[PDB]
>>> print(open('run-v6.pdb').read())   # PDB, C-alpha atoms
MODEL        1
ATOM      1  CA  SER D  67       0.000   0.000   0.000  1.00  0.00           C
ATOM      2  CA  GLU D  68       2.601   2.525   1.141  1.00  0.00           C
ATOM      3  CA  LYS D  69       4.880   0.611  -1.230  1.00  0.00           C
ATOM      4  CA  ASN D  70       2.507   1.119  -4.135  1.00  0.00           C
ATOM      5  CA  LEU D  71       2.505   4.844  -3.423  1.00  0.00           C
ATOM      6  CA  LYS D  72       6.298   4.881  -3.181  1.00  0.00           C
ATOM      7  CA  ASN D  73       6.293   3.372  -6.669  1.00  0.00           C
ATOM      8  CA  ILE D  74       3.834   5.759  -8.280  1.00  0.00           C
ATOM      9  CA  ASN D  75       6.161   8.457  -6.933  1.00  0.00           C
ATOM     10  CA  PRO D  76       9.518   8.025  -5.081  1.00  0.00           C
ATOM     11  CA  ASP D  77       9.234  11.565  -3.639  1.00  0.00           C
ATOM     12  CA  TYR D  78       6.542  10.093  -1.370  1.00  0.00           C
ATOM     13  CA  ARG D  79       7.355  10.187   2.371  1.00  0.00           C
ATOM     14  CA  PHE D  80       4.205   9.801   4.411  1.00  0.00           C
ATOM     15  CA  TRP D  81       0.449  10.018   4.711  1.00  0.00           C
ATOM     16  CA  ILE D  82      -1.283  12.754   6.625  1.00  0.00           C
ATOM     17  CA  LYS D  83      -4.684  13.044   8.186  1.00  0.00           C
ATOM     18  CA  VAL D  84      -5.999  16.067  10.033  1.00  0.00           C
ATOM     19  CA  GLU D  85      -8.750  15.431  12.512  1.00  0.00           C
ATOM     20  CA  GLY D  86     -11.812  17.525  11.696  1.00  0.00           C
ATOM     21  CA  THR D  87     -11.053  17.704   8.010  1.00  0.00           C
ATOM     22  CA  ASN D  88     -11.110  15.806   4.729  1.00  0.00           C
ATOM     23  CA  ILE D  89      -7.363  16.109   4.728  1.00  0.00           C
ATOM     24  CA  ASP D  90      -6.164  12.570   4.188  1.00  0.00           C
ATOM     25  CA  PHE D  91      -3.460  12.508   1.572  1.00  0.00           C
ATOM     26  CA  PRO D  92      -0.053  11.280   0.680  1.00  0.00           C
ATOM     27  CA  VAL D  93       2.733  13.768   1.149  1.00  0.00           C
ATOM     28  CA  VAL D  94       5.771  14.148  -1.075  1.00  0.00           C
ATOM     29  CA  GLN D  95       9.190  15.792  -0.780  1.00  0.00           C
ATOM     30  CA  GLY D  96      10.641  17.702  -3.746  1.00  0.00           C
ATOM     31  CA  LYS D  97      14.162  19.010  -4.315  1.00  0.00           C
ATOM     32  CA  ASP D  98      12.711  22.451  -3.688  1.00  0.00           C
ATOM     33  CA  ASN D  99       9.510  24.078  -2.401  1.00  0.00           C
ATOM     34  CA  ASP D 100       8.202  24.998  -5.877  1.00  0.00           C
ATOM     35  CA  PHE D 101       7.888  21.812  -7.958  1.00  0.00           C
ATOM     36  CA  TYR D 102       4.898  20.518  -6.027  1.00  0.00           C
ATOM     37  CA  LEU D 103       3.025  23.788  -6.037  1.00  0.00           C
ATOM     38  CA  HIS D 104       2.509  23.199  -9.765  1.00  0.00           C
ATOM     39  CA  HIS D 105       2.510  19.464 -10.284  1.00  0.00           C
ATOM     40  CA  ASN D 106       0.299  16.676  -8.975  1.00  0.00           C
ATOM     41  CA  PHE D 107       1.355  13.342  -7.484  1.00  0.00           C
ATOM     42  CA  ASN D 108       1.955  11.932 -10.977  1.00  0.00           C
ATOM     43  CA  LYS D 109       4.195  14.926 -11.543  1.00  0.00           C
ATOM     44  CA  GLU D 110       1.971  15.950 -14.427  1.00  0.00           C
ATOM     45  CA  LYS D 111       1.689  19.722 -14.216  1.00  0.00           C
ATOM     46  CA  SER D 112      -1.438  20.921 -12.460  1.00  0.00           C
ATOM     47  CA  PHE D 113      -2.971  24.002 -10.836  1.00  0.00           C
ATOM     48  CA  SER D 114      -3.519  22.272  -7.464  1.00  0.00           C
ATOM     49  CA  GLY D 115      -0.158  20.543  -7.025  1.00  0.00           C
ATOM     50  CA  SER D 116       0.361  18.165  -4.097  1.00  0.00           C
ATOM     51  CA  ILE D 117       0.933  18.235  -0.368  1.00  0.00           C
ATOM     52  CA  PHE D 118       4.694  18.550   0.185  1.00  0.00           C
ATOM     53  CA  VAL D 119       7.039  18.514   3.100  1.00  0.00           C
ATOM     54  CA  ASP D 120       9.799  21.098   3.215  1.00  0.00           C
ATOM     55  CA  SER D 121      12.520  19.969   0.808  1.00  0.00           C
ATOM     56  CA  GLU D 122      15.209  20.640   3.413  1.00  0.00           C
ATOM     57  CA  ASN D 123      13.468  18.613   6.165  1.00  0.00           C
ATOM     58  CA  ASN D 124      15.408  15.657   7.470  1.00  0.00           C
ATOM     59  CA  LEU D 125      12.468  13.608   8.686  1.00  0.00           C
ATOM     60  CA  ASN D 126      14.654  11.595  11.090  1.00  0.00           C
ATOM     61  CA  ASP D 127      16.436  14.444  12.823  1.00  0.00           C
ATOM     62  CA  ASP D 128      14.533  17.679  12.614  1.00  0.00           C
ATOM     63  CA  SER D 129      12.506  19.092  15.504  1.00  0.00           C
ATOM     64  CA  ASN D 130       9.927  20.695  13.184  1.00  0.00           C
ATOM     65  CA  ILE D 131       8.361  19.013  10.222  1.00  0.00           C
ATOM     66  CA  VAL D 132       6.978  21.606   7.845  1.00  0.00           C
ATOM     67  CA  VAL D 133       4.239  20.680   5.369  1.00  0.00           C
ATOM     68  CA  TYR D 134       2.730  23.010   2.722  1.00  0.00           C
ATOM     69  CA  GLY D 135      -0.601  22.867   0.891  1.00  0.00           C
ATOM     70  CA  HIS D 136      -2.896  24.851  -1.441  1.00  0.00           C
ATOM     71  CA  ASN D 137      -6.053  26.497  -0.179  1.00  0.00           C
ATOM     72  CA  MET D 138      -8.235  27.295  -3.214  1.00  0.00           C
ATOM     73  CA  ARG D 139     -11.469  27.362  -1.254  1.00  0.00           C
ATOM     74  CA  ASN D 140     -12.881  24.272  -2.955  1.00  0.00           C
ATOM     75  CA  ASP D 141     -12.531  21.630  -0.211  1.00  0.00           C
ATOM     76  CA  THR D 142      -9.350  20.235  -1.766  1.00  0.00           C
ATOM     77  CA  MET D 143      -5.825  19.903  -0.357  1.00  0.00           C
ATOM     78  CA  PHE D 144      -5.307  22.144   2.722  1.00  0.00           C
ATOM     79  CA  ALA D 145      -8.503  24.130   2.027  1.00  0.00           C
ATOM     80  CA  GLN D 146     -10.296  23.028   5.199  1.00  0.00           C
ATOM     81  CA  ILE D 147      -7.415  24.075   7.410  1.00  0.00           C
ATOM     82  CA  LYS D 148      -9.411  27.321   7.380  1.00  0.00           C
ATOM     83  CA  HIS D 149     -11.815  25.905   9.982  1.00  0.00           C
ATOM     84  CA  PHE D 150      -9.184  26.120  12.722  1.00  0.00           C
ATOM     85  CA  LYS D 151      -9.701  29.921  12.734  1.00  0.00           C
ATOM     86  CA  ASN D 152     -13.013  29.065  14.336  1.00  0.00           C
ATOM     87  CA  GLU D 153     -12.610  28.846  18.088  1.00  0.00           C
ATOM     88  CA  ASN D 154     -15.188  26.083  18.510  1.00  0.00           C
ATOM     89  CA  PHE D 155     -13.779  23.985  15.674  1.00  0.00           C
ATOM     90  CA  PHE D 156     -10.312  24.423  17.199  1.00  0.00           C
ATOM     91  CA  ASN D 157     -11.501  23.320  20.642  1.00  0.00           C
ATOM     92  CA  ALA D 158     -13.194  20.286  19.202  1.00  0.00           C
ATOM     93  CA  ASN D 159     -10.503  19.175  16.746  1.00  0.00           C
ATOM     94  CA  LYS D 160      -7.058  18.358  18.033  1.00  0.00           C
ATOM     95  CA  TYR D 161      -5.014  15.673  16.306  1.00  0.00           C
ATOM     96  CA  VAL D 162      -2.928  15.264  13.187  1.00  0.00           C
ATOM     97  CA  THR D 163      -1.689  11.866  12.250  1.00  0.00           C
ATOM     98  CA  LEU D 164       1.294  10.913  10.155  1.00  0.00           C
ATOM     99  CA  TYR D 165       1.922   7.395   8.903  1.00  0.00           C
ATOM    100  CA  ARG D 166       5.506   6.746   7.847  1.00  0.00           C
ATOM    101  CA  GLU D 167       7.333   3.527   7.069  1.00  0.00           C
ATOM    102  CA  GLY D 168       4.648   1.392   8.658  1.00  0.00           C
ATOM    103  CA  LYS D 169       4.458   3.598  11.720  1.00  0.00           C
ATOM    104  CA  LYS D 170       1.752   5.947  13.041  1.00  0.00           C
ATOM    105  CA  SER D 171       2.557   9.127  14.939  1.00  0.00           C
ATOM    106  CA  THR D 172       0.093  11.552  16.477  1.00  0.00           C
ATOM    107  CA  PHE D 173       0.453  15.297  17.144  1.00  0.00           C
ATOM    108  CA  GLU D 174      -1.815  17.585  19.127  1.00  0.00           C
ATOM    109  CA  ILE D 175      -2.536  21.029  17.701  1.00  0.00           C
ATOM    110  CA  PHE D 176      -1.586  23.861  20.030  1.00  0.00           C
ATOM    111  CA  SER D 177      -1.347  26.892  17.750  1.00  0.00           C
ATOM    112  CA  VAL D 178      -3.255  28.531  14.916  1.00  0.00           C
ATOM    113  CA  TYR D 179      -2.386  31.872  13.388  1.00  0.00           C
ATOM    114  CA  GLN D 180      -2.221  33.853  10.172  1.00  0.00           C
ATOM    115  CA  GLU D 181       0.688  35.759   8.796  1.00  0.00           C
ATOM    116  CA  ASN D 182       2.129  37.489   5.769  1.00  0.00           C
ATOM    117  CA  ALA D 183       3.921  35.044   3.447  1.00  0.00           C
ATOM    118  CA  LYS D 184       7.327  36.731   3.389  1.00  0.00           C
ATOM    119  CA  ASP D 185       7.236  37.435   7.075  1.00  0.00           C
ATOM    120  CA  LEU D 186       6.403  33.765   7.595  1.00  0.00           C
ATOM    121  CA  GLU D 187       9.171  32.470   5.248  1.00  0.00           C
ATOM    122  CA  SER D 188      11.793  34.190   7.354  1.00  0.00           C
ATOM    123  CA  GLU D 189      10.324  32.994  10.663  1.00  0.00           C
ATOM    124  CA  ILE D 190       9.678  29.304  10.067  1.00  0.00           C
ATOM    125  CA  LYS D 191      12.494  27.036  11.175  1.00  0.00           C
ATOM    126  CA  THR D 192      13.292  23.370  10.660  1.00  0.00           C
ATOM    127  CA  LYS D 193      16.866  23.543  12.013  1.00  0.00           C
ATOM    128  CA  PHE D 194      18.043  24.586  15.463  1.00  0.00           C
ATOM    129  CA  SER D 195      21.486  25.481  16.889  1.00  0.00           C
ATOM    130  CA  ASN D 196      20.673  24.419  20.456  1.00  0.00           C
ATOM    131  CA  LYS D 197      17.952  23.745  22.996  1.00  0.00           C
ATOM    132  CA  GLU D 198      17.409  27.338  24.165  1.00  0.00           C
ATOM    133  CA  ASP D 199      16.662  28.693  20.687  1.00  0.00           C
ATOM    134  CA  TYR D 200      14.385  25.724  20.087  1.00  0.00           C
ATOM    135  CA  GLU D 201      12.596  26.523  23.345  1.00  0.00           C
ATOM    136  CA  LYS D 202      12.379  30.192  22.349  1.00  0.00           C
ATOM    137  CA  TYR D 203      10.983  29.222  18.962  1.00  0.00           C
ATOM    138  CA  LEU D 204       8.395  26.953  20.615  1.00  0.00           C
ATOM    139  CA  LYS D 205       7.174  29.691  22.964  1.00  0.00           C
ATOM    140  CA  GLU D 206       6.765  32.163  20.116  1.00  0.00           C
ATOM    141  CA  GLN D 207       4.638  29.706  18.030  1.00  0.00           C
ATOM    142  CA  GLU D 208       2.462  28.984  21.044  1.00  0.00           C
ATOM    143  CA  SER D 209       2.198  32.663  21.993  1.00  0.00           C
ATOM    144  CA  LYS D 210       1.037  33.579  18.493  1.00  0.00           C
ATOM    145  CA  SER D 211      -1.911  31.196  18.636  1.00  0.00           C
ATOM    146  CA  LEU D 212      -5.308  32.739  18.151  1.00  0.00           C
ATOM    147  CA  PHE D 213      -6.484  30.202  20.788  1.00  0.00           C
ATOM    148  CA  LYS D 214      -5.014  28.472  23.841  1.00  0.00           C
ATOM    149  CA  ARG D 215      -4.905  24.682  23.984  1.00  0.00           C
ATOM    150  CA  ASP D 216      -5.257  23.751  27.665  1.00  0.00           C
ATOM    151  CA  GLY D 217      -2.638  21.623  29.378  1.00  0.00           C
ATOM    152  CA  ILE D 218      -0.200  21.197  26.524  1.00  0.00           C
ATOM    153  CA  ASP D 219       3.104  21.374  28.449  1.00  0.00           C
ATOM    154  CA  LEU D 220       5.211  22.654  25.567  1.00  0.00           C
ATOM    155  CA  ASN D 221       8.973  22.176  26.080  1.00  0.00           C
ATOM    156  CA  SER D 222      12.328  21.705  24.350  1.00  0.00           C
ATOM    157  CA  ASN D 223      12.033  17.893  24.284  1.00  0.00           C
ATOM    158  CA  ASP D 224       8.985  17.990  22.067  1.00  0.00           C
ATOM    159  CA  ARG D 225       8.866  17.454  18.344  1.00  0.00           C
ATOM    160  CA  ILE D 226       6.453  19.554  16.298  1.00  0.00           C
ATOM    161  CA  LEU D 227       4.612  19.598  12.989  1.00  0.00           C
ATOM    162  CA  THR D 228       3.710  22.766  11.149  1.00  0.00           C
ATOM    163  CA  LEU D 229       1.091  23.051   8.433  1.00  0.00           C
ATOM    164  CA  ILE D 230       0.955  26.064   6.142  1.00  0.00           C
ATOM    165  CA  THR D 231      -1.573  27.039   3.530  1.00  0.00           C
ATOM    166  CA  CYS D 232      -3.088  30.125   1.836  1.00  0.00           C
ATOM    167  CA  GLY D 233      -5.353  32.555   3.662  1.00  0.00           C
ATOM    168  CA  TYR D 234      -7.648  35.171   2.176  1.00  0.00           C
ATOM    169  CA  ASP D 235      -8.198  37.810   4.885  1.00  0.00           C
ATOM    170  CA  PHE D 236      -5.357  39.974   3.504  1.00  0.00           C
ATOM    171  CA  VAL D 237      -2.950  39.888   0.585  1.00  0.00           C
ATOM    172  CA  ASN D 238      -0.438  37.043   0.774  1.00  0.00           C
ATOM    173  CA  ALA D 239      -2.024  35.674   3.942  1.00  0.00           C
ATOM    174  CA  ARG D 240      -0.884  32.295   5.116  1.00  0.00           C
ATOM    175  CA  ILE D 241      -2.628  30.240   7.768  1.00  0.00           C
ATOM    176  CA  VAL D 242      -0.468  28.109  10.054  1.00  0.00           C
ATOM    177  CA  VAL D 243      -1.262  25.239  12.447  1.00  0.00           C
ATOM    178  CA  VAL D 244       1.360  23.850  14.802  1.00  0.00           C
ATOM    179  CA  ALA D 245       1.180  20.561  16.659  1.00  0.00           C
ATOM    180  CA  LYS D 246       3.231  18.715  19.231  1.00  0.00           C
ATOM    181  CA  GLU D 247       3.970  14.963  19.142  1.00  0.00           C
ATOM    182  CA  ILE D 248       2.250  13.068  21.983  1.00  0.00           C
ATOM    183  CA  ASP D 249       2.166   9.551  23.548  1.00  0.00           C
TER     184      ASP D 249
ENDMDL
END
>>> encode(input="run-v6.pdb", output="structure tokens")
Amino acid sequence: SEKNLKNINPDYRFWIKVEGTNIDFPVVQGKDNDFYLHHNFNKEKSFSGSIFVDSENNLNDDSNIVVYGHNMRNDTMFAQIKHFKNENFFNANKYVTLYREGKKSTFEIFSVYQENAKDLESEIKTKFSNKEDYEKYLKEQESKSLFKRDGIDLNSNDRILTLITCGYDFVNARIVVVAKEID
């Protein structure tokens, strides 16, 4: 199954499902963060692209796994990420699930926020010098959340997942959801 996928495209890395949403897709890694904006999972060019993980992510090492997706308002790709801007939806919907080499991992969402695309590009980090900067980065992501997730106990031992898609409230808006690995 995961093998089949890996065949149809070797850039495949994992499956993702976001609780509360129809997001339930394979995720691919390109050599950059442009290819898969403009090409589907068969690599055929396409307006809607694919879900991709940051091309500089080392999935084994990195403290923050960054995944990007189109929002074109039509219930495809990361479109429904928009619901997390709703306080009630946020309270009720909590978990993102990655399946990778036969293995399921679960992450609890603790932050949602919107931001200018360039601003965001310069803020988002996959790599970290040392534990203090990581901790500092974690507190900033949490502190930016539109809503508090109770009892989350965010610290420098955690591993996180960050999801980024288009927003429409202002020009070049991006919406961002951050989640911490649990269990």
>>> atom_distance(input="run-v6.pdb", atom1="CA of residue 175 (chain D)", atom2="CA of residue 193 (chain D)")
20.4 Å
>>> atom_distance(input="run-v6.pdb", atom1="CA of residue 98 (chain D)", atom2="CA of residue 211 (chain D)")
28.1 Å
>>> residues_around(input="run-v6.pdb", residues="region 200-203 of chain D", least_positions_apart="6", cutoff="8 Å", atoms="all atoms listed in the file", output="ChimeraX atom specification")
/D:194,221-222
>>> write_last_selection(input="run-v6.pdb", atoms="C-alpha atoms", output="compact mmCIF listing (two decimals), in the frame of the given file")
# COMPACT_ATOMS: atom_id res chain seq x y z
CA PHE D 194 18.04 24.59 15.46
CA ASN D 221 8.97 22.18 26.08
CA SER D 222 12.33 21.70 24.35
>>> closest_residue(input="run-v6.pdb", among="D:174, D:188, D:108, D:142", to="residue 249 (chain D)", atoms="only C-alpha atoms")
D:174
>>> atom_distance(input="run-v6.pdb", atom1="CA of residue 163 (chain D)", atom2="CA of residue 130 (chain D)")
14.6 Å
>>> resolve_selection(input="run-v6.pdb", expression="the PyMOL selection byres ((chain D and resi 156) around 12)", output="PDB file with C-alpha atoms, in the coordinates of the input")
ATOM      1  CA  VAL D  84      -5.999  16.067  10.033  1.00  0.00           C
ATOM      2  CA  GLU D  85      -8.750  15.431  12.512  1.00  0.00           C
ATOM      3  CA  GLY D  86     -11.812  17.525  11.696  1.00  0.00           C
ATOM      4  CA  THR D  87     -11.053  17.704   8.010  1.00  0.00           C
ATOM      5  CA  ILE D 147      -7.415  24.075   7.410  1.00  0.00           C
ATOM      6  CA  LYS D 148      -9.411  27.321   7.380  1.00  0.00           C
ATOM      7  CA  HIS D 149     -11.815  25.905   9.982  1.00  0.00           C
ATOM      8  CA  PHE D 150      -9.184  26.120  12.722  1.00  0.00           C
ATOM      9  CA  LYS D 151      -9.701  29.921  12.734  1.00  0.00           C
ATOM     10  CA  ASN D 152     -13.013  29.065  14.336  1.00  0.00           C
ATOM     11  CA  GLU D 153     -12.610  28.846  18.088  1.00  0.00           C
ATOM     12  CA  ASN D 154     -15.188  26.083  18.510  1.00  0.00           C
ATOM     13  CA  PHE D 155     -13.779  23.985  15.674  1.00  0.00           C
ATOM     14  CA  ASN D 157     -11.501  23.320  20.642  1.00  0.00           C
ATOM     15  CA  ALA D 158     -13.194  20.286  19.202  1.00  0.00           C
ATOM     16  CA  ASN D 159     -10.503  19.175  16.746  1.00  0.00           C
ATOM     17  CA  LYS D 160      -7.058  18.358  18.033  1.00  0.00           C
ATOM     18  CA  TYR D 161      -5.014  15.673  16.306  1.00  0.00           C
ATOM     19  CA  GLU D 174      -1.815  17.585  19.127  1.00  0.00           C
ATOM     20  CA  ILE D 175      -2.536  21.029  17.701  1.00  0.00           C
ATOM     21  CA  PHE D 176      -1.586  23.861  20.030  1.00  0.00           C
ATOM     22  CA  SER D 177      -1.347  26.892  17.750  1.00  0.00           C
ATOM     23  CA  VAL D 178      -3.255  28.531  14.916  1.00  0.00           C
ATOM     24  CA  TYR D 179      -2.386  31.872  13.388  1.00  0.00           C
ATOM     25  CA  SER D 211      -1.911  31.196  18.636  1.00  0.00           C
ATOM     26  CA  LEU D 212      -5.308  32.739  18.151  1.00  0.00           C
ATOM     27  CA  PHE D 213      -6.484  30.202  20.788  1.00  0.00           C
ATOM     28  CA  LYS D 214      -5.014  28.472  23.841  1.00  0.00           C
ATOM     29  CA  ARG D 215      -4.905  24.682  23.984  1.00  0.00           C
ATOM     30  CA  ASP D 216      -5.257  23.751  27.665  1.00  0.00           C
ATOM     31  CA  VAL D 243      -1.262  25.239  12.447  1.00  0.00           C
ATOM     32  CA  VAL D 244       1.360  23.850  14.802  1.00  0.00           C
TER      33      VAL D 244
END
>>> build_atoms(input="run-v6.pdb", residues="region 165-184 of chain D", atoms="N, CA and C atoms", output="short mmCIF file (atom, residue, chain, number, x, y, z; two decimals), in the frame of the given file")
data_model
loop_
_atom_site.label_atom_id
_atom_site.label_comp_id
_atom_site.auth_asym_id
_atom_site.auth_seq_id
_atom_site.Cartn_x
_atom_site.Cartn_y
_atom_site.Cartn_z
N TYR D 165 1.56 8.79 9.05
CA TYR D 165 1.92 7.40 8.90
C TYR D 165 3.16 7.33 8.02
N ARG D 166 4.23 6.74 8.54
CA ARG D 166 5.51 6.75 7.85
C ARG D 166 6.29 5.47 8.11
N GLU D 167 6.79 4.88 7.04
CA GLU D 167 7.33 3.53 7.07
C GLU D 167 6.64 2.68 8.12
N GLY D 168 5.36 2.41 7.90
CA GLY D 168 4.65 1.39 8.66
C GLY D 168 4.33 1.83 10.07
N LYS D 169 4.46 3.12 10.34
CA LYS D 169 4.46 3.60 11.72
C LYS D 169 3.58 4.85 11.87
N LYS D 170 2.69 4.84 12.85
CA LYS D 170 1.75 5.95 13.04
C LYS D 170 2.23 6.86 14.16
N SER D 171 2.17 8.16 13.93
CA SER D 171 2.56 9.13 14.94
C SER D 171 1.45 10.14 15.06
N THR D 172 1.18 10.60 16.28
CA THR D 172 0.09 11.55 16.48
C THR D 172 0.58 12.84 17.14
N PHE D 173 0.00 13.96 16.74
CA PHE D 173 0.45 15.30 17.14
C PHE D 173 -0.78 16.04 17.57
N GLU D 174 -0.69 16.80 18.66
CA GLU D 174 -1.82 17.58 19.13
C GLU D 174 -1.62 19.06 18.80
N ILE D 175 -2.62 19.66 18.17
CA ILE D 175 -2.54 21.03 17.70
C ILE D 175 -2.57 21.98 18.88
N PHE D 176 -1.61 22.90 18.94
CA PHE D 176 -1.59 23.86 20.03
C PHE D 176 -1.57 25.33 19.56
N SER D 177 -1.37 25.55 18.27
CA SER D 177 -1.35 26.89 17.75
C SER D 177 -1.96 27.02 16.37
N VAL D 178 -2.79 28.06 16.23
CA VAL D 178 -3.26 28.53 14.92
C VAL D 178 -3.15 30.05 14.76
N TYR D 179 -2.62 30.47 13.62
CA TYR D 179 -2.39 31.87 13.39
C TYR D 179 -2.21 32.16 11.92
N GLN D 180 -2.29 33.44 11.57
CA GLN D 180 -2.22 33.85 10.17
C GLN D 180 -1.09 34.84 10.08
N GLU D 181 -0.49 34.95 8.91
CA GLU D 181 0.69 35.76 8.80
C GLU D 181 0.99 36.01 7.33
N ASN D 182 1.62 37.15 7.08
CA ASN D 182 2.13 37.49 5.77
C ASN D 182 3.17 36.47 5.29
N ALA D 183 3.10 36.13 4.00
CA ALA D 183 3.92 35.04 3.45
C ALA D 183 5.43 35.27 3.58
N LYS D 184 5.90 36.48 3.31
CA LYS D 184 7.33 36.73 3.39
C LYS D 184 7.77 36.73 4.84
#
